[PDB]
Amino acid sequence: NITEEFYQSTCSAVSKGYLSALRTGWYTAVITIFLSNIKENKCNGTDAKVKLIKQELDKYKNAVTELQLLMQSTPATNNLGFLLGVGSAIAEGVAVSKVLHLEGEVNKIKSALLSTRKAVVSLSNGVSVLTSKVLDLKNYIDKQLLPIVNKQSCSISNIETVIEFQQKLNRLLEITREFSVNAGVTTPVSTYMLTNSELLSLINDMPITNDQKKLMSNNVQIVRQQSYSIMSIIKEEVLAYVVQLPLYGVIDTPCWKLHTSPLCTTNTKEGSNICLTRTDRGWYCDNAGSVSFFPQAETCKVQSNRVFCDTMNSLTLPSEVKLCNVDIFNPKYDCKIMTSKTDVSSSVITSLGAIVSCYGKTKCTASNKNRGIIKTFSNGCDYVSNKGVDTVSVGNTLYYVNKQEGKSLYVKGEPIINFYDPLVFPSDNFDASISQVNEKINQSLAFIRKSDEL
């Protein structure tokens, strides 16, 4: 059950009640497609049906040409955030594929998949991989296609032999279009890279918990968007690429989303107002005794009450950062603010409603679709829940509120920007903390007092 609190005193909001799925590990597997080494050229005859085998046979040499160029390439992920300088996310799959490039690794695959279509392959340089045959084009091409090419005089048969070769190429050709427009590395993992059957199975044969197995299966569209598929080789009549799947080694811990907006004084004199915005907006999830914080919006994906994030894109904070929602002046964690003189209207749509910051002569309203205007916001920072509100307007900008189901609570309090004397309030867009502003106030009180010695 999702609930939201609003803190009038700091113009912030926490959406509590969520449940974590935090990627911690990776699960790589190798997917092979066995290709039949069709050499070159057709059979003496230009029957339009033989002309048609050519065209579709021209596609297969071309698909192989592209996959041959991506093998030779050095794959790499082309995907206020100066706190992040992260590395690669496919370092583990590149780690398998550079070893698939070693001479003699393809025969080690061909041995393991001789009786089965899935086995764990013990190959060179100290890595095991689950390798899976998903497609056997060797059986087809060399059995009921190649003799019609193995015949220097091919009488093209009934037409349905051209339709069928279109159908067994189709997937391989969809694979190559993805790889070829993504320099080898594709995300999300499509259903042509890994069909539901194969994926729902590959998860099943993942050594994970029953907790993690049921979570991934019920969230397959979430899994594919945070997985990778990585072209590796086409070599010795086999195509292979590595797939890189997320491992959610944190589950069902509490998460919450912080929401923030400017908190300013509301004096009539123009320019003479100072502002205050808590600045660590984003996702927080309890993790391993600390708090994992995801400043990027793009990093986390919600499926109705569960937050899937990638710990690579996160900052580790002590659990006392939670106190920043209890009391910003607590002596245990120096809460982050930043100051300014910019009292400009702006509304933040939260998880269960909207923070509205209205200053000056700005028209700020909250509305129901059938009822009409149900609130007009005064200067200062207010909030409206999502019971009865469908939209919020600030000036001429229209914001839709979330209508999912949850209890809000409005937590009263005095706007803390009232606790500061403006004359010595540092407003030069100063991204600091609570004490580091007090850092400057005592200096500013003293810098005036020292010149008061006469």
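One rule holds for the numbers: they count along the sequence shown, beginning at 1.
Where coordinates are absent for parts of the deposited sequence, a chain break appears; between neighbours residue 196 and residue 197 there is no such break.
Comparing the deposited coordinates for 398-406 and 46-54, the stretch with the larger average C-alpha B-factor is 46-54. Of the two stretches examined, 323-331 and 135-143, the record assigns the greater average C-alpha temperature factor to 135-143.
Ranking 429, 37, 391, 386 by Cα temperature factor from the entry places 37 first. Per the deposited coordinates, the residue with the largest Cα temperature factor out of 70, 423, 29, 411 is 423.
Residue 418: CA B factor lies in the lowest third for its chain, per the PDB record. For residue 15, the recorded CA B-factor ranks within the lowest third of the chain. Only modelled residues enter the ranking. Remark: residue 434 belongs to the middle third of its chain, ranked by C-alpha B-factor as recorded. Among the modelled residues of the chain, residue 252 sits in the lowest third by CA temperature factor in this PDB entry. Compared with the other modelled residues of the chain, the Cα B-factor recorded for residue 179 ranks in the middle third.
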